[PDB]
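A.B. asks: One file is attached below, run-v5.cif, containing mmCIF, C-alpha atoms and all ligand atoms.
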data_query
#
loop_
_atom_site.label_atom_id
_atom_site.label_comp_id
_atom_site.auth_asym_id
_atom_site.auth_seq_id
_atom_site.Cartn_x
_atom_site.Cartn_y
_atom_site.Cartn_z
CA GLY A 3 0.00 0.00 0.00
CA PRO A 4 0.94 3.74 0.08
CA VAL A 5 3.92 4.98 2.22
CA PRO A 6 2.78 6.90 5.40
CA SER A 7 3.47 10.64 5.88
CA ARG A 8 3.23 13.21 8.64
CA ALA A 9 3.57 17.04 8.90
CA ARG A 10 7.13 18.44 9.46
CA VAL A 11 5.67 21.06 11.90
CA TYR A 12 2.87 21.13 14.55
CA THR A 13 2.74 17.33 14.14
CA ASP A 14 1.44 16.43 17.60
CA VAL A 15 -0.37 19.63 18.71
CA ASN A 16 -3.83 17.87 18.89
CA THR A 17 -2.49 14.66 20.46
CA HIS A 18 -1.13 16.47 23.51
CA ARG A 19 -4.36 18.46 23.83
CA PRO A 20 -7.53 17.31 25.56
CA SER A 21 -10.40 15.78 23.68
CA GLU A 22 -12.52 18.89 24.48
CA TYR A 23 -10.39 20.91 21.96
CA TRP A 24 -10.65 18.63 18.94
CA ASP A 25 -13.79 16.53 19.55
CA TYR A 26 -16.31 18.70 17.76
CA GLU A 27 -19.04 16.05 17.81
CA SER A 28 -19.11 16.28 21.67
CA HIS A 29 -18.86 20.10 21.79
CA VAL A 30 -22.03 21.79 23.19
CA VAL A 31 -23.35 24.46 20.81
CA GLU A 32 -25.41 27.33 22.31
CA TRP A 33 -27.73 29.02 19.77
CA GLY A 34 -28.43 32.71 20.42
CA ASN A 35 -31.34 34.95 19.39
CA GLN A 36 -31.70 35.94 15.70
CA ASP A 37 -33.93 38.95 16.75
CA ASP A 38 -30.77 40.94 17.68
CA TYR A 39 -29.92 41.04 13.92
CA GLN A 40 -31.63 42.98 11.12
CA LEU A 41 -30.84 41.63 7.63
CA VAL A 42 -29.78 44.33 5.10
CA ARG A 43 -28.75 42.66 1.77
CA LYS A 44 -27.37 39.49 0.11
CA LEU A 45 -23.51 39.48 -0.08
CA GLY A 46 -23.01 36.09 -1.74
CA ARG A 47 -24.40 32.59 -2.12
CA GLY A 48 -22.06 29.62 -2.31
CA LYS A 49 -22.70 25.90 -2.64
CA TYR A 50 -23.12 25.56 1.13
CA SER A 51 -24.64 28.83 2.36
CA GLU A 52 -26.31 32.21 1.83
CA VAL A 53 -24.43 35.23 3.17
CA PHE A 54 -26.08 38.49 4.34
CA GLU A 55 -24.93 41.91 5.53
CA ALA A 56 -26.77 42.76 8.78
CA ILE A 57 -27.00 45.14 11.75
CA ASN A 58 -26.76 44.09 15.36
CA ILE A 59 -29.60 46.34 16.70
CA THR A 60 -28.18 46.14 20.30
CA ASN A 61 -25.18 48.41 19.22
CA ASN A 62 -25.93 49.58 15.57
CA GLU A 63 -22.83 47.54 14.41
CA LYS A 64 -22.48 45.96 10.97
CA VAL A 65 -22.21 42.11 10.91
CA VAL A 66 -22.34 39.29 8.35
CA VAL A 67 -24.92 36.46 8.75
CA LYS A 68 -24.02 33.16 7.05
CA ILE A 69 -27.12 30.98 6.77
CA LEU A 70 -26.25 27.53 6.24
CA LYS A 71 -27.76 25.12 3.85
CA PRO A 72 -28.82 21.46 4.06
CA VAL A 73 -25.62 19.74 5.21
CA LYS A 74 -24.44 17.10 7.53
CA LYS A 75 -24.84 18.32 11.12
CA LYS A 76 -21.36 16.97 11.88
CA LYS A 77 -19.92 19.49 9.40
CA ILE A 78 -21.75 22.40 11.00
CA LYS A 79 -20.41 21.47 14.37
CA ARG A 80 -16.92 21.16 13.05
CA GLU A 81 -17.00 24.66 11.52
CA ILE A 82 -18.34 26.17 14.83
CA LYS A 83 -15.66 24.44 16.94
CA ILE A 84 -12.77 25.41 14.62
CA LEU A 85 -13.99 29.01 14.51
CA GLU A 86 -14.28 29.15 18.29
CA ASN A 87 -10.83 27.60 18.65
CA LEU A 88 -9.27 30.14 16.28
CA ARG A 89 -11.24 33.17 17.51
CA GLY A 90 -8.84 36.05 18.19
CA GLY A 91 -6.16 34.68 15.89
CA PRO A 92 -4.31 37.03 13.46
CA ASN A 93 -6.39 37.68 10.27
CA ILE A 94 -8.90 34.94 11.18
CA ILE A 95 -12.51 36.00 10.63
CA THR A 96 -14.16 36.49 14.09
CA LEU A 97 -17.24 34.37 14.79
CA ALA A 98 -19.33 36.82 16.89
CA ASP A 99 -22.50 34.71 17.45
CA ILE A 100 -24.30 31.45 16.59
CA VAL A 101 -28.03 31.89 15.94
CA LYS A 102 -31.06 29.91 14.82
CA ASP A 103 -34.14 31.31 13.12
CA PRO A 104 -37.01 30.86 15.59
CA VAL A 105 -39.40 29.48 12.93
CA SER A 106 -37.56 27.22 10.46
CA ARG A 107 -34.72 26.43 12.92
CA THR A 108 -32.14 27.22 10.24
CA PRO A 109 -28.62 27.54 11.65
CA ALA A 110 -26.71 30.76 10.97
CA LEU A 111 -23.22 31.97 11.87
CA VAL A 112 -22.66 35.65 12.71
CA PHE A 113 -19.24 37.20 11.85
CA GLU A 114 -17.44 40.56 11.97
CA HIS A 115 -18.13 42.54 8.76
CA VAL A 116 -15.21 43.05 6.33
CA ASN A 117 -15.61 45.79 3.70
CA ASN A 118 -14.37 43.63 0.83
CA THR A 119 -12.90 45.92 -1.85
CA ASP A 120 -13.79 44.81 -5.43
CA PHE A 121 -11.82 41.73 -6.66
CA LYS A 122 -12.13 42.85 -10.35
CA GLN A 123 -10.83 46.36 -9.40
CA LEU A 124 -8.06 45.07 -7.03
CA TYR A 125 -6.34 42.74 -9.62
CA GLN A 126 -5.56 45.85 -11.75
CA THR A 127 -4.44 48.37 -9.05
CA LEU A 128 -2.24 46.05 -6.85
CA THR A 129 1.50 46.84 -6.84
CA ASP A 130 4.52 44.55 -6.17
CA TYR A 131 4.48 45.84 -2.52
CA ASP A 132 0.73 45.19 -2.01
CA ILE A 133 1.20 41.56 -3.16
CA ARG A 134 4.10 41.00 -0.73
CA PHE A 135 2.06 42.74 2.03
CA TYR A 136 -1.17 40.73 1.64
CA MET A 137 0.76 37.43 1.08
CA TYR A 138 2.38 38.05 4.52
CA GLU A 139 -1.09 38.67 6.13
CA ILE A 140 -2.31 35.31 4.78
CA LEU A 141 0.84 33.61 6.07
CA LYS A 142 0.17 35.01 9.63
CA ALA A 143 -3.36 33.45 9.40
CA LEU A 144 -1.99 30.06 8.16
CA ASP A 145 0.95 29.83 10.60
CA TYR A 146 -1.58 30.49 13.38
CA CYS A 147 -4.27 27.95 12.40
CA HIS A 148 -1.61 25.30 11.55
CA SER A 149 -0.15 25.91 15.03
CA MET A 150 -3.60 25.29 16.55
CA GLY A 151 -3.79 21.91 14.78
CA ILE A 152 -6.05 23.08 11.96
CA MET A 153 -5.77 22.92 8.15
CA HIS A 154 -8.09 25.32 6.22
CA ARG A 155 -8.26 23.09 3.06
CA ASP A 156 -10.06 25.77 0.97
CA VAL A 157 -7.49 28.54 0.52
CA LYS A 158 -8.45 30.69 -2.48
CA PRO A 159 -9.14 34.31 -3.48
CA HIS A 160 -12.87 34.07 -2.73
CA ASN A 161 -11.99 32.90 0.84
CA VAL A 162 -9.78 35.91 1.46
CA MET A 163 -11.57 39.22 2.38
CA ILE A 164 -9.52 42.40 1.89
CA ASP A 165 -10.53 45.91 2.99
CA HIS A 166 -7.80 47.64 0.88
CA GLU A 167 -8.62 51.17 2.26
CA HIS A 168 -7.79 49.98 5.84
CA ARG A 169 -5.18 47.33 4.66
CA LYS A 170 -7.16 44.70 6.62
CA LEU A 171 -7.25 41.00 5.53
CA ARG A 172 -9.43 38.13 6.89
CA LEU A 173 -9.24 34.39 6.02
CA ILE A 174 -12.93 33.27 5.87
CA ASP A 175 -14.95 30.09 5.09
CA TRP A 176 -13.80 27.50 7.60
CA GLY A 177 -16.53 24.98 6.47
CA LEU A 178 -14.03 22.57 4.93
CA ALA A 179 -11.34 23.06 7.66
CA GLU A 180 -10.25 20.03 9.71
CA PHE A 181 -8.21 19.01 12.81
CA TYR A 182 -4.81 17.55 11.86
CA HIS A 183 -4.11 14.09 13.43
CA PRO A 184 -0.79 12.44 12.34
CA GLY A 185 -1.36 9.26 10.30
CA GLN A 186 -5.05 10.14 9.66
CA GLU A 187 -6.44 9.43 6.16
CA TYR A 188 -8.57 12.39 5.01
CA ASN A 189 -11.20 12.84 2.24
CA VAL A 190 -9.43 14.11 -0.95
CA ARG A 191 -12.68 15.80 -2.23
CA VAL A 192 -11.82 19.14 -0.55
CA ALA A 193 -10.61 22.61 -1.83
CA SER A 194 -11.61 24.18 -5.15
CA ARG A 195 -10.36 22.52 -8.41
CA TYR A 196 -7.79 25.17 -9.36
CA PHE A 197 -6.18 25.16 -5.94
CA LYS A 198 -6.22 21.40 -5.28
CA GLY A 199 -2.76 20.11 -4.40
CA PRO A 200 -1.23 17.10 -6.24
CA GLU A 201 -1.88 14.87 -3.09
CA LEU A 202 -5.64 15.33 -3.60
CA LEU A 203 -5.45 14.76 -7.36
CA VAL A 204 -3.47 11.43 -7.11
CA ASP A 205 -5.83 10.35 -4.23
CA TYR A 206 -3.12 10.46 -1.47
CA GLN A 207 -5.20 10.66 1.79
CA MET A 208 -2.43 11.11 4.45
CA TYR A 209 -1.99 14.84 3.73
CA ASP A 210 -1.42 17.74 6.23
CA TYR A 211 -1.08 21.61 6.60
CA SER A 212 1.20 21.66 3.49
CA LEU A 213 -1.97 21.33 1.34
CA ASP A 214 -2.68 25.03 2.23
CA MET A 215 0.85 25.93 1.16
CA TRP A 216 0.19 24.56 -2.38
CA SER A 217 -3.10 26.56 -2.58
CA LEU A 218 -1.21 29.66 -1.47
CA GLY A 219 1.30 29.11 -4.27
CA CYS A 220 -1.51 28.94 -6.82
CA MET A 221 -2.80 32.32 -5.61
CA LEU A 222 0.64 33.93 -5.71
CA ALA A 223 1.31 32.60 -9.22
CA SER A 224 -2.01 34.00 -10.43
CA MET A 225 -1.24 37.36 -8.81
CA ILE A 226 2.32 37.94 -10.05
CA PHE A 227 1.71 36.48 -13.55
CA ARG A 228 -1.82 37.96 -13.93
CA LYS A 229 -3.31 34.66 -14.99
CA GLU A 230 -6.44 33.49 -13.14
CA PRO A 231 -6.53 30.67 -12.50
CA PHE A 232 -2.83 29.77 -12.91
CA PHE A 233 -3.59 26.04 -13.36
CA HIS A 234 -6.80 25.99 -15.43
CA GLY A 235 -8.12 22.43 -15.29
CA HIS A 236 -11.45 21.38 -16.81
CA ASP A 237 -11.78 18.51 -14.32
CA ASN A 238 -9.92 16.88 -11.43
CA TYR A 239 -7.87 14.64 -13.77
CA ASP A 240 -7.15 17.47 -16.20
CA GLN A 241 -6.12 19.65 -13.20
CA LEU A 242 -3.08 17.36 -12.56
CA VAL A 243 -2.23 17.45 -16.28
CA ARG A 244 -2.21 21.25 -16.06
CA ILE A 245 0.28 21.13 -13.19
CA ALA A 246 2.38 18.59 -15.12
CA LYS A 247 2.49 20.98 -18.16
CA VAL A 248 4.32 23.35 -15.75
CA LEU A 249 6.25 21.21 -13.18
CA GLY A 250 6.88 18.40 -15.73
CA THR A 251 6.16 14.65 -15.54
CA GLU A 252 9.66 13.50 -14.31
CA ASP A 253 9.20 15.08 -10.78
CA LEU A 254 5.55 13.82 -10.76
CA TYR A 255 6.77 10.20 -11.15
CA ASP A 256 9.47 10.88 -8.47
CA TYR A 257 6.64 12.03 -6.16
CA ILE A 258 4.29 9.05 -6.63
CA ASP A 259 7.31 6.64 -6.33
CA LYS A 260 8.44 8.27 -3.02
CA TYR A 261 5.01 7.62 -1.47
CA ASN A 262 4.23 4.35 -3.37
CA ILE A 263 1.06 6.02 -4.85
CA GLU A 264 -0.89 4.23 -7.61
CA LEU A 265 -2.10 6.57 -10.43
CA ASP A 266 -5.74 6.07 -11.34
CA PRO A 267 -6.03 4.59 -14.93
CA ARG A 268 -7.97 7.75 -16.05
CA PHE A 269 -4.49 9.40 -16.21
CA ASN A 270 -3.08 6.81 -18.71
CA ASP A 271 -4.07 8.57 -21.97
CA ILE A 272 -4.05 12.24 -20.76
CA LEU A 273 -0.82 12.74 -18.72
CA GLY A 274 1.68 12.53 -21.60
CA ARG A 275 5.33 13.58 -21.17
CA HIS A 276 6.17 17.14 -20.18
CA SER A 277 9.42 18.96 -19.53
CA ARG A 278 9.78 21.22 -16.49
CA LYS A 279 9.15 24.87 -17.46
CA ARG A 280 11.30 27.69 -15.99
CA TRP A 281 9.13 30.15 -13.95
CA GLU A 282 10.62 33.03 -15.97
CA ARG A 283 8.74 31.75 -19.08
CA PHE A 284 5.55 33.20 -17.42
CA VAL A 285 6.89 36.82 -17.35
CA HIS A 286 5.26 39.15 -19.96
CA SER A 287 4.93 42.96 -20.53
CA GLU A 288 1.63 43.04 -18.63
CA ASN A 289 3.01 41.35 -15.51
CA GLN A 290 6.85 42.09 -15.38
CA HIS A 291 6.27 44.89 -12.82
CA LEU A 292 5.07 42.28 -10.17
CA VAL A 293 7.77 39.70 -10.90
CA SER A 294 11.22 39.66 -9.27
CA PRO A 295 13.95 36.97 -8.75
CA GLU A 296 12.82 36.66 -5.04
CA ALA A 297 9.11 36.23 -6.13
CA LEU A 298 10.16 33.39 -8.54
CA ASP A 299 12.44 31.76 -5.89
CA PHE A 300 9.59 31.96 -3.33
CA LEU A 301 6.95 30.58 -5.80
CA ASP A 302 9.30 27.72 -6.74
CA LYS A 303 9.49 26.74 -3.01
CA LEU A 304 5.65 26.64 -2.66
CA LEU A 305 4.73 24.79 -5.88
CA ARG A 306 6.37 21.39 -5.27
CA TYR A 307 4.63 18.04 -5.97
CA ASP A 308 6.15 16.71 -2.70
CA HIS A 309 4.03 18.13 0.14
CA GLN A 310 6.92 17.53 2.63
CA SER A 311 9.37 19.56 0.38
CA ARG A 312 7.18 22.73 0.42
CA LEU A 313 7.99 25.71 2.70
CA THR A 314 5.98 25.81 5.94
CA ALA A 315 4.02 28.99 6.71
CA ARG A 316 6.83 29.99 9.19
CA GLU A 317 9.65 29.22 6.69
CA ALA A 318 7.66 31.22 4.05
CA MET A 319 7.47 34.26 6.42
CA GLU A 320 11.36 34.19 6.67
CA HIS A 321 11.85 34.22 2.81
CA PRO A 322 13.75 37.18 1.19
CA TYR A 323 10.51 38.08 -0.77
CA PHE A 324 9.07 39.49 2.51
CA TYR A 325 12.05 41.71 3.51
CA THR A 326 10.32 44.94 2.24
CA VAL A 327 7.26 44.21 4.52
CA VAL A 328 9.34 42.75 7.41
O1 LIG B 1 -10.47 28.81 -20.64
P1 LIG B 1 -9.87 27.47 -20.98
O2 LIG B 1 -10.37 26.88 -22.28
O3 LIG B 1 -9.85 26.50 -19.83
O4 LIG B 1 -8.32 27.76 -21.29
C1 LIG B 1 -7.68 28.96 -20.87
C2 LIG B 1 -8.31 30.15 -21.57
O5 LIG B 1 -8.03 30.11 -22.96
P2 LIG B 1 -9.06 29.40 -23.97
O6 LIG B 1 -10.32 29.28 -23.14
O7 LIG B 1 -9.19 30.35 -25.14
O8 LIG B 1 -8.40 28.09 -24.32
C3 LIG B 1 -7.73 31.43 -20.99
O9 LIG B 1 -8.40 32.54 -21.59
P3 LIG B 1 -9.72 33.17 -20.90
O10 LIG B 1 -10.78 32.11 -21.06
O11 LIG B 1 -9.30 33.42 -19.48
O12 LIG B 1 -9.97 34.42 -21.70
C4 LIG B 1 -6.23 31.48 -21.25
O13 LIG B 1 -5.67 32.62 -20.60
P4 LIG B 1 -6.03 34.13 -21.04
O14 LIG B 1 -7.08 34.56 -20.05
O15 LIG B 1 -4.71 34.85 -20.89
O16 LIG B 1 -6.51 34.02 -22.46
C5 LIG B 1 -5.53 30.23 -20.71
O17 LIG B 1 -4.14 30.23 -21.03
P5 LIG B 1 -3.54 30.47 -22.51
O18 LIG B 1 -4.19 31.75 -22.99
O19 LIG B 1 -2.06 30.60 -22.26
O20 LIG B 1 -3.93 29.25 -23.29
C6 LIG B 1 -6.19 28.93 -21.19
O21 LIG B 1 -5.59 27.81 -20.53
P6 LIG B 1 -5.24 26.46 -21.33
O22 LIG B 1 -4.25 26.88 -22.38
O23 LIG B 1 -4.66 25.53 -20.29
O24 LIG B 1 -6.57 26.00 -21.89
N1 LIG B 2 -16.99 38.20 6.89
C1 LIG B 2 -17.45 38.50 5.66
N2 LIG B 2 -17.38 39.78 5.24
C2 LIG B 2 -17.79 40.08 4.00
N3 LIG B 2 -18.30 39.26 3.07
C3 LIG B 2 -18.35 37.99 3.52
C4 LIG B 2 -17.96 37.54 4.77
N4 LIG B 2 -18.16 36.17 4.88
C5 LIG B 2 -18.66 35.83 3.71
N5 LIG B 2 -18.79 36.88 2.84
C6 LIG B 2 -19.25 36.82 1.44
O1 LIG B 2 -20.04 35.65 1.25
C7 LIG B 2 -19.39 34.75 0.32
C8 LIG B 2 -19.62 33.32 0.73
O2 LIG B 2 -19.18 33.09 2.08
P1 LIG B 2 -18.46 31.74 2.60
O3 LIG B 2 -18.05 31.65 4.02
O4 LIG B 2 -17.15 31.68 1.80
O5 LIG B 2 -19.52 30.59 2.26
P2 LIG B 2 -19.61 29.24 1.41
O6 LIG B 2 -18.81 28.14 2.20
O7 LIG B 2 -21.02 28.78 1.17
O8 LIG B 2 -18.91 29.58 0.09
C9 LIG B 2 -17.94 35.23 0.30
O9 LIG B 2 -17.15 34.75 -0.78
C10 LIG B 2 -18.12 36.75 0.41
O10 LIG B 2 -18.61 37.33 -0.81
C1 LIG B 3 -13.68 37.96 -3.47
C2 LIG B 3 -12.58 38.36 -2.53
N1 LIG B 3 -11.25 38.22 -3.15
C3 LIG B 3 -10.33 39.27 -2.74
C4 LIG B 3 -8.89 38.95 -3.03
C5 LIG B 3 -8.12 39.79 -3.82
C6 LIG B 3 -6.76 39.58 -3.98
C7 LIG B 3 -6.12 38.52 -3.34
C8 LIG B 3 -4.64 38.39 -3.44
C9 LIG B 3 -3.80 39.35 -2.90
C10 LIG B 3 -2.42 39.22 -2.98
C11 LIG B 3 -1.87 38.12 -3.61
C12 LIG B 3 -2.69 37.16 -4.15
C13 LIG B 3 -4.07 37.29 -4.07
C14 LIG B 3 -6.91 37.67 -2.58
CL1 LIG B 3 -6.18 36.30 -1.81
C15 LIG B 3 -8.26 37.87 -2.42
#
Represent the supplied structure as structure tokens.
C.D. replies:
Amino acid sequence: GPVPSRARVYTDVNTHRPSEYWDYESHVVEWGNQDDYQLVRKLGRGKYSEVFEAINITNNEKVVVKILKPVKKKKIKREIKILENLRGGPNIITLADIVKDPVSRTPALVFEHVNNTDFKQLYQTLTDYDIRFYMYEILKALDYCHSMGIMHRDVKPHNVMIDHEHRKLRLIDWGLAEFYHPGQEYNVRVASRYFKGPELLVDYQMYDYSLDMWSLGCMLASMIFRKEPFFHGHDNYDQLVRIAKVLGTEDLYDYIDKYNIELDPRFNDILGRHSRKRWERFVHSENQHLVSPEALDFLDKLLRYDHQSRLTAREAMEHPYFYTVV
């Protein structure tokens, strides 16, 4: 069978902690009163919830109400527990209340409001400094949650709220997040296609925090090269082919050999043979002002097939790319 793996950092943080911390199924959830909140407008609507801008009438403060859709109760509890565990953490969205609609008993999470500056307007006005700055704010959020035994598992632009005017960043959507237990075999059907790490695509279940580091690399690549998404796959099998067209097929076979992984036969006719492309080949007139040797060196250290070979959030924070922010 496949070779076992464990995280290089924060490996045993949950083991040495009491069951109360990580046992979300046993955690007691206390539902507040929805009448303290007046719904203003729809903010978004994902595949798991409906999100509304609201006012807490008891202060006149702006909040965000995330109504939750038909899902496994286990998952709802897990999200609540992780949020409560991470509450107060740097650049972690703050869960302010847990409420249930008196009539239909629909669960809803109440968060601090973030004035999310337009994503289509941001992409065009961000400078080399802004990218380094916001990448560092995400790293503070990841180093923190990884240190608390949690992997986000859905790191992407849509899960990152930025109030550019106040230079404030929040990592949101903790619905797919999970407690890291060394040796545990996790579901690979997590994260969004474009940001899925190779481990998920080759069905390698014993993954860890490093999954978030791959997703972060995909975001950085898309930001400095102005190509969204960076790895544009049409499906989960095609997604790996897209990575292979960049990282090459030689290092891919080295990866699956190191962990004794068996490639699904769907890959037989689509993988092909690909040479490793130099990161510099992605530099163009439209993006050259966001690219630097340090950016390329940093990106190269995030986008590795081998999850164990990738920089940790702490190692990433120490990289020369962050000297101008740090
Ligand atoms: O959208 P897909 O079919 O998945 O493929 C995309 C798409 O090009 P095409 O759609 O025309 O093949 C992108 O274009 P947009 O749809 O985003 O306009 C393009 O990037 P650009 O946005 O710069 O055009 C990108 O890469 P490239 O243009 O280098 O082909 C390319 O990816 P694939 O080449 O992997 O299909
Ligand atoms: N704290 C928040 N501040 C501002 N907008 C938010 C906030 N939380 C969620 N949203 C908006 O709602 C969308 C969906 O929220 P999210 O937690 O990511 O739910 P889902 O898991 O269903 O995708 C976001 O992408 C964003 O547009
Ligand atoms: C709908 C919310 N999206 C907002 C958003 C915009 C830009 C980035 C970003 C910033 C710096 C580097 C790479 C990406 C992110 Cl993560 C999220």
A.B. asks: Using atom CA of residue A:150 and atom CA of residue A:16 as the two end points, give the distance in Å to one decimal.
C.D. replies: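 Interatomic distance here is 7.8 Å.
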A.B. asks: Please work out which residues fall within 10 Å of (-27.1, 29.5, 2.3), coordinates as given in the file, with only C-alpha atoms counting, and return them as an MDAnalysis selection string.
C.D. replies: chainID A and resid 46:54 67:72 108:110
A.B. asks: Using atom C3 of ligand LIG 1 (chain B) and atom CA of residue A:295 as the two end points, give the distance in Å to one decimal.
C.D. replies: 25.5 Å
A.B. asks: For residue A:230, work out the shell of residues within 10 Å, counting all atoms listed in the file and skipping chain neighbours fewer than 5 positions away, then give it as a ChimeraX atom specification.
C.D. replies: /A:125,196,220-221,223-225
A.B. asks: Go ahead and save the picked residues with C-alpha atoms, as a PDB file, in the coordinates of the input.
C.D. replies:
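Once everything was written out, this is selection_34.pdb:
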ATOM      1  CA  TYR A 125      -6.340  42.740  -9.620  1.00  0.00           C
ATOM      2  CA  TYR A 196      -7.790  25.170  -9.360  1.00  0.00           C
ATOM      3  CA  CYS A 220      -1.510  28.940  -6.820  1.00  0.00           C
ATOM      4  CA  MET A 221      -2.800  32.320  -5.610  1.00  0.00           C
ATOM      5  CA  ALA A 223       1.310  32.600  -9.220  1.00  0.00           C
ATOM      6  CA  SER A 224      -2.010  34.000 -10.430  1.00  0.00           C
ATOM      7  CA  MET A 225      -1.240  37.360  -8.810  1.00  0.00           C
TER       8      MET A 225
END
A.B. asks: Might you pull out every residue within 10 Å of residue A:294, with only C-alpha atoms counted and same-chain residues fewer than 4 positions away left off, and present them as a ChimeraX atom specification?
C.D. replies: /A:130,226,282,285,290,298-300,323
A.B. asks: When distances are computed from only C-alpha atoms, which of A:208, A:301, A:111, A:178 shows the smallest separation from residue A:39?
C.D. replies: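 Smallest distance to residue A:39 is found for A:111.
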A.B. asks: Just checking: using only C-alpha atoms, which residue out of A:296, A:320, A:120, A:205 ends up closest to residue A:265?
C.D. replies: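 Answer, going by the shortest atom-to-atom distance: A:205.
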A.B. asks: Rounded to one decimal in Å, what is the spacing between atom CA of residue A:215 and atom CA of residue A:200?
C.D. replies: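 These atoms are spaced 11.7 Å apart.
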A.B. asks: Name all residues at most 12 Å from residue A:305 (count all atoms listed in the file; drop same-chain ones fewer than 5 positions away) and give them as a PyMOL selection string.
C.D. replies: chain A and resi 197-200+212-223+232-233+245-246+248-250+253+281+298-300+310-314
A.B. asks: A:174, A:153, A:94, A:57: which is nearest ligand LIG 3 (chain B), counting all atoms listed in the file?
C.D. replies: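 Closest residue, counting all atoms listed in the file: A:174.
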A.B. asks: Pick out the closest residue to ligand LIG 1 (chain B) from this set: A:87, A:189, A:289, A:58. Count all atoms listed in the file.
C.D. replies: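 Counting all atoms listed in the file, the residue closest to ligand LIG 1 (chain B) is A:289.
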A.B. asks: Would you mind listing the residues within 7 Å of ligand LIG 1 (chain B), counting all atoms listed in the file, as a PyMOL selection string?
C.D. replies: chain A and resi 229-230+234-236+244
A.B. asks: Rank A:191, A:8, A:29, A:158 by their smallest atom-to-atom distance to ligand LIG 2 (chain B), using all atoms listed in the file, and report the top residue only.
C.D. replies: A:158
A.B. asks: Padding 4 Å on every side, please: axis-aligned box over the listed atoms of stretch 178-189 of chain A, centre and edge lengths to one decimal in Å, as lines of an AutoDock Vina configuration file.
C.D. replies:
center_x = -7.4
center_y = 16.2
center_z = 7.8
size_x = 21.2
size_y = 21.8
size_z = 19.2
A.B. asks: Using all atoms listed in the file, which of the listed residues (A:112, A:318, A:30, A:163) sits closest to ligand LIG 3 (chain B)?
C.D. replies: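 For ligand LIG 3 (chain B), the nearest of the candidates is A:163.
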A.B. asks: Residue A:173: which residues within 8 Å, counting all atoms listed in the file, same-chain residues fewer than 5 positions away excluded, as number ranges by chain?
C.D. replies: A: 93-95, 140, 143, 161-163
A.B. asks: Tell me which protein, DNA and RNA residues are within 8 Å of residue A:102, counting only C-alpha atoms, leaving out same-chain ones fewer than 2 positions away, and put them as a PyMOL selection string.
C.D. replies: chain A and resi 33-36+100+104+107-110
